[PDB]
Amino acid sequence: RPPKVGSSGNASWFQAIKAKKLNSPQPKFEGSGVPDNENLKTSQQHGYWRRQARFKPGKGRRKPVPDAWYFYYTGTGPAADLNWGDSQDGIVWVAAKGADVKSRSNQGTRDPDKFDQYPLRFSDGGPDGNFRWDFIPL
């Protein structure tokens, strides 16, 4: 059977945020939780963070390490078929003040062969202290 490949792309435009612990809560944000990105209009500034399980060698038989979460605009990424606000384990919905969550951006997702991940900045206040992320300069 050929595979059913339905996603237009699953690489987030942005670096992940990482939990600090194996049993960290889901991300919460001081402000909207939408990454800084001036390319979009206010109405279109909404999307979701999605959990990804991570593991390490050895030691072992692989061992778990803390989750990463990646941001996708609504209608893109692994949960592209969800409507904004639909409940799913591992999905946190975010929207800017002034967002119209029925709108759609044409921002799409990132081709990793052509683009490095973009830096995350949250000028309106980022995720809580259960999460960290590597510095990437502007």
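So that there is no doubt, residue numbering starts at 1 and follows the sequence shown.
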{"property": "Stretch with the higher entry mean CA B-factor, where the candidates are 51 to 59 and 65 to 73", "result": "51 to 59"}
{"property": "Residue range whose averaged C-alpha B-factor is higher in the record, 92 to 100 or 24 to 32", "result": "24 to 32"}
{"property": "Third of the chain's Cα B-factor distribution that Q15 belongs to, per the entry", "result": "middle"}
{"property": "CA B-factor ranking of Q44, expressed as a third of its chain", "result": "middle"}
